[PDB]
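Visitor: Below you will find the structure I want to go over with you.
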Number of protein chains: 2
Amino acid sequence: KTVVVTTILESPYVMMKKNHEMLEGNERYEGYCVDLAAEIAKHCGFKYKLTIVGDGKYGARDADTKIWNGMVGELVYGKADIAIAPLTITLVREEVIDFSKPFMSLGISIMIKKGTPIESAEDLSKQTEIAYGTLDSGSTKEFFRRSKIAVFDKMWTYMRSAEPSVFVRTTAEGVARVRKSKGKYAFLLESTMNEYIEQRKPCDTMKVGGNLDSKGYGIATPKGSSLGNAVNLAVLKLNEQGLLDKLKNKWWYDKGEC
Amino acid sequence: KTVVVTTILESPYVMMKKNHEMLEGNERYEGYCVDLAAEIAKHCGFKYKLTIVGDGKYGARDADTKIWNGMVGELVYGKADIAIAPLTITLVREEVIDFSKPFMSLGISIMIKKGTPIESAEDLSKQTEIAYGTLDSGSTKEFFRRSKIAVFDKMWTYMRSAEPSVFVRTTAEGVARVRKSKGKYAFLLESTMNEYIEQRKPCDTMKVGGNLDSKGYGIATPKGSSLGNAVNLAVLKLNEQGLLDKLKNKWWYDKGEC
Ligand SMILES: N[C@@H](Cc1onc(O)c1Br)C(=O)O
Ligand SMILES: N[C@@H](Cc1onc(O)c1Br)C(=O)O
């Protein structure tokens with residue numbers, strides 16, 4: 001049967017085409033993950049329907065209700081057959097859903113407005129003049145919340161009680177905050193998005209320092225799903241064929257605006 | 001039996017005493033509503049236990065699940081017997097819980113950092129240099145979201161799509177945002193809180209213009225609760241005795257710091 005794909009609106013992975021009001025179904029979307037989905041489907045021999053996750057979240061378990069939300073939840077509760085998006089492979093998630101080998105590598109990074117006197121996480125941790133935060137949900141927020149590393153623990157201690165809140169709901173919001181804060185806000189986000197934004201007008205942001213960690217995005221399926229094996233092989237095959245690199249250049253650098 | 005009172009941490013209505021770690025039960029709290037609760041209890045002849053609402057919300061119904069949250073939810077689902085807090089009397093709430101006649105009047109107002117070139121809601125609506133927002137929940141946010149009045153509709157249209165978000169989770173956060181935004185953020189909140197903050201150090205904020213609307217706070221009880229009649233009479237009696245005015249001066253002006 002037709003495979004239900006859950007994804008999320010996150011540039012340049014999945015974006016609404018400017019003329020989406022004129023289009024229907026899968027044709028409404030474009031981006032790295034839209035292209036990858038087509039490639040995976042072709043190599044696994046299935047037809048599919050792209051759907052945007054209802055709550056706009058990646059996936060976390062509520063500590064109280066213990067209910068999974070986001071794309072992970074969609075897979076766990078059987079609402080979708082596969083998730084093709086910038087979904088970070090983490091221990092807690094790996095325990096409830098199946099992940100293909102990573103199709104892209106990344107690490108947490110720092111985004112600053114050009115000219116901000118910050119070069120590293122250590123720099124940020126030792127001052128308060130420049131506020132800094134992360135998305136209000138997701139693996140980056142959790143990285144800091146759970147970290148036992150001195151510098152990161154110090155940063156989380158600051159972030160969790162900073163007022164006003166240093167957390168943002170979407171990447172777009174964090175970028176807007178960096179751009180409109182006159183250098184007084186630094187955004188902690190995954191290197192992939194940071195690198196993409198650095199090449200977008202008004203070209204006033206930049207990624208600074210090295211990544212704080214190293215991980216990857218994986219295609220996810222419900223635990224035990226028979227689709228898992230085929231998808232994993234397709235990811236490895238596409239990587240070996242250079243297709244993944246081609247898609248990266250296509251959506252990040254080929255049409256960079258800076 | 002002992003009456004379970006649900007309330008919320010909102011200065012100067014209910015605040016944790018600085019040495020609360022040394023205290024137990026009702027003695028941990030102080031404020032206008034803590035004093036009012038004692039007065040109402042005495043005049044209604046009941047003993048009570050103050051409890052802080054679990055989700056820290058005032059009360060709204062989820063459009064999807066249709067479940068009430070906040071203090072209103074606590075009353076609707078029988079978790080508390082009465083709510084004594086700065087709970088705004090609104091049509092939607094009046095339909096699900098009982099409200100005493102108002103114990104305090106108020107209106108939505110504008111808080112600015114001293115020196116901000118804004119004198120009214122109209123001023124705010126006609127510009128974008130100075131961002132402005134409200135709490136991310138509650139009657140003030142709903143006032144703008146539902147308003148059919150031109151100026152307020154224009155303001156909501158701006159607020160709902162402004163990036164980064166102009167909404168804050170708590171009053172403290174909004175105040176912090178006004179104070180740290182160098183005049184680039186104006187906070188829309190109820191006049192009562194605005195007036196209180198204006199008299200608190202560092203004395204860098206002020207209420208400007210008249211109130212946008214007029215309403216009041218009421219003591220709430222589960223719909224049909226027998227406690228409702230007594231509480232309403234106590235509110236009227238306390239007002240006529242001048243007790244409510246005395247409490248207002250006690251928590252707002254007597255010890256003003258500006
Ligand atoms: N990939 C993360 C989400 C995320 O975490 N930090 C960001 O900037 C973004 Br987008 C996840 O899967 O939770
Ligand atoms: N009193 C309101 C909450 C509220 O609405 N605007 C504020 O500043 C505050 Br506090 C309510 O009962 O929803």
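If you're wondering about the labels, chains in the structure tokens are A, B, ... by order shown, residues count from 1 in each chain, ligands from 1 in order shown.
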Could you work out which residues of chain A fall inside 8 Å of chain B? Count only C-alpha atoms, and format the result as a PyMOL selection string.
Guide: chain A and resi 163-165+168+172-174+176-177
Visitor: Let me have all residues with an atom within 8 Å of ligand 1, counting only C-alpha atoms and all ligand atoms, laid out as a list in words.
Guide: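 Every residue with an atom at most 8 Å from ligand 1 is listed here: residues 10, 57, 58, 59, 60, 86, 87, 88, 89, 108, 134, 135, 137, 138, 139, 140, 141, 170, 171, 188, 189, 190, 191, 193, 194 and 217 of chain A.
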Visitor: Expressed in Å to a single decimal, how great is the separation between atom CA of residue 198 of chain B and atom 9 (C, counted along the ligand's line) of ligand 2?
Guide: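 Atom 9 (C, counted along the ligand's line) of ligand 2 lies at a distance of 15.6 Å from atom CA of residue 198 of chain B.
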Visitor: List the neighbours of segment 29-40 of chain A out to 9 Å using only C-alpha atoms; skip same-chain residues closer than 6 positions along the sequence, and give me the result as a PyMOL selection string.
Guide: chain A and resi 5+7+11-17+20+23+46-48+50+84-86+230-231+234-235+238+243-244+247-248+250-251
Visitor: Pick from B:76, B:52, B:236, B:9: nearest to ligand 2, with only C-alpha atoms and all ligand atoms counted?
Guide: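 The answer is B:9, which sits nearest to ligand 2.
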Visitor: According to DSSP computed on the backbone, where in segment 28-258 of chain B is there helix (DSSP H, G or I)? Give the residues as an MDAnalysis selection string.
Guide: chainID B and resid 28 32:44 70:76 91:94 121:125 139:146 150:161 171:180 191:198 227:240 243:253
Visitor: Between A:183, A:224, A:70, A:218, which is the closest to residue 115 of chain A once you count only C-alpha atoms?
Guide: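 Of A:183, A:224, A:70, A:218, the one nearest residue 115 of chain A, counting only C-alpha atoms, is A:183.
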Visitor: How many Å separate atom CA of residue 103 of chain B from atom CA of residue 81 of chain B?
Guide: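 Here the two named atoms are 18.2 Å from each other.
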Visitor: Between B:96, B:110, B:22, B:149, which is the closest to ligand 2 once you count only C-alpha atoms and all ligand atoms?
Guide: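 Result for the nearest residue to ligand 2: B:110.
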Visitor: Skip residue 54 of chain A itself and residues of its chain fewer than 6 positions away, then list as JSON, numbers by chain all residues within 9 Å of it, counting only C-alpha atoms.
Guide: {"A": [8, 70, 71, 74]}
Visitor: Suppose you want the space between atom CA of residue 147 of chain B and atom CA of residue 112 of chain B; what is it in Å?
Guide: 22.4 Å
Visitor: Do you know which residues are at most 9 Å from residue 151 of chain B counting only C-alpha atoms, after dropping those on the same chain fewer than 2 positions away, and could you put them as an MDAnalysis selection string?
Guide: chainID B and resid 121:122 125:126 148:149 153:156
Visitor: Which of segment 74-236 of chain A end up as strand (DSSP E) when DSSP is run on this backbone - answer as a ChimeraX atom specification?
Guide: /A:82-83,97-99,104-106,108-113,131-133,185-190,205-208,215-217,220-222
Visitor: Could those residues be written to a file, using N, CA and C atoms, as a tab-separated table (two decimals), in the first residue's frame?
Guide:
chain	number	residue	atom	x	y	z
A	82	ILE	N	6.86	6.05	7.80
A	82	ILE	CA	8.26	6.41	7.75
A	82	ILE	C	8.41	7.91	7.97
A	83	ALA	N	9.54	8.30	8.54
A	83	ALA	CA	9.84	9.71	8.78
A	83	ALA	C	11.10	10.04	8.00
A	97	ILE	N	12.00	3.47	18.01
A	97	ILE	CA	11.80	3.38	16.56
A	97	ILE	C	13.09	2.88	15.91
A	98	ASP	N	12.99	2.44	14.65
A	98	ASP	CA	14.17	1.98	13.91
A	98	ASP	C	14.73	3.15	13.12
A	99	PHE	N	16.06	3.23	13.03
A	99	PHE	CA	16.74	4.30	12.30
A	99	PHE	C	17.65	3.69	11.25
A	104	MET	N	23.12	11.98	6.82
A	104	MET	CA	23.82	13.26	6.93
A	104	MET	C	24.43	13.39	8.32
A	105	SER	N	25.61	13.99	8.39
A	105	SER	CA	26.29	14.19	9.66
A	105	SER	C	26.13	15.65	10.07
A	106	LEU	N	26.22	15.90	11.37
A	106	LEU	CA	26.09	17.26	11.86
A	106	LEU	C	26.53	17.32	13.31
A	108	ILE	N	26.10	20.18	17.02
A	108	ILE	CA	25.50	21.41	17.51
A	108	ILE	C	26.51	22.51	17.24
A	109	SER	N	26.02	23.67	16.81
A	109	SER	CA	26.90	24.78	16.47
A	109	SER	C	26.35	26.11	16.97
A	110	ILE	N	27.16	27.16	16.83
A	110	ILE	CA	26.76	28.49	17.27
A	110	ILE	C	26.52	29.41	16.09
A	111	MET	N	25.38	30.10	16.11
A	111	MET	CA	25.06	31.06	15.07
A	111	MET	C	25.08	32.44	15.71
A	112	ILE	N	25.82	33.36	15.11
A	112	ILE	CA	25.87	34.72	15.64
A	112	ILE	C	25.59	35.70	14.52
A	113	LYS	N	25.24	36.92	14.91
A	113	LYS	CA	25.02	37.96	13.93
A	113	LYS	C	26.46	38.40	13.66
A	131	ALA	N	22.97	37.04	25.13
A	131	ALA	CA	22.11	35.93	25.51
A	131	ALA	C	22.23	34.85	24.45
A	132	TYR	N	21.92	33.61	24.83
A	132	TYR	CA	22.00	32.51	23.89
A	132	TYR	C	21.02	31.43	24.31
A	133	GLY	N	20.45	30.76	23.32
A	133	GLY	CA	19.50	29.71	23.60
A	133	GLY	C	19.40	28.71	22.47
A	185	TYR	N	22.18	38.26	20.86
A	185	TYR	CA	21.62	36.91	20.96
A	185	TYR	C	22.37	35.98	20.03
A	186	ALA	N	22.76	34.82	20.56
A	186	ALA	CA	23.46	33.79	19.79
A	186	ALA	C	22.55	32.57	19.85
A	187	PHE	N	22.41	31.89	18.73
A	187	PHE	CA	21.52	30.74	18.62
A	187	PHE	C	22.31	29.44	18.49
A	188	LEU	N	21.98	28.47	19.34
A	188	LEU	CA	22.63	27.17	19.31
A	188	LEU	C	21.71	26.26	18.51
A	189	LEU	N	22.19	25.77	17.38
A	189	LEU	CA	21.39	24.90	16.52
A	189	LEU	C	22.30	23.94	15.77
A	190	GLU	N	21.71	22.97	15.09
A	190	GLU	CA	22.52	22.00	14.36
A	190	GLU	C	23.26	22.64	13.19
A	205	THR	N	24.55	36.49	9.14
A	205	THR	CA	24.83	35.53	10.20
A	205	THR	C	26.03	34.68	9.83
A	206	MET	N	26.61	34.02	10.82
A	206	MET	CA	27.73	33.13	10.56
A	206	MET	C	27.85	32.08	11.63
A	207	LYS	N	28.40	30.94	11.24
A	207	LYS	CA	28.64	29.83	12.16
A	207	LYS	C	30.03	30.06	12.72
A	208	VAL	N	30.17	29.99	14.04
A	208	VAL	CA	31.48	30.21	14.65
A	208	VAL	C	31.91	29.05	15.52
A	215	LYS	N	26.90	13.89	15.45
A	215	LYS	CA	25.85	12.90	15.34
A	215	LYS	C	25.30	12.92	13.92
A	216	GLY	N	24.19	12.24	13.71
A	216	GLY	CA	23.63	12.20	12.37
A	216	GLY	C	22.12	12.09	12.33
A	217	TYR	N	21.58	12.33	11.15
A	217	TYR	CA	20.15	12.22	10.92
A	217	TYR	C	19.92	10.85	10.30
A	220	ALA	N	13.62	7.24	9.81
A	220	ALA	CA	13.02	6.41	10.85
A	220	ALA	C	11.77	5.65	10.43
A	221	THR	N	11.60	4.47	11.01
A	221	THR	CA	10.45	3.62	10.74
A	221	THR	C	9.99	3.03	12.07
A	222	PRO	N	8.73	2.56	12.12
A	222	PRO	CA	8.24	1.97	13.37
A	222	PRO	C	9.13	0.78	13.71
Visitor: May I ask which of the residues B:241, B:100, B:90, B:226 is the closest one to ligand 2, counting only C-alpha atoms and all ligand atoms?
Guide: B:90
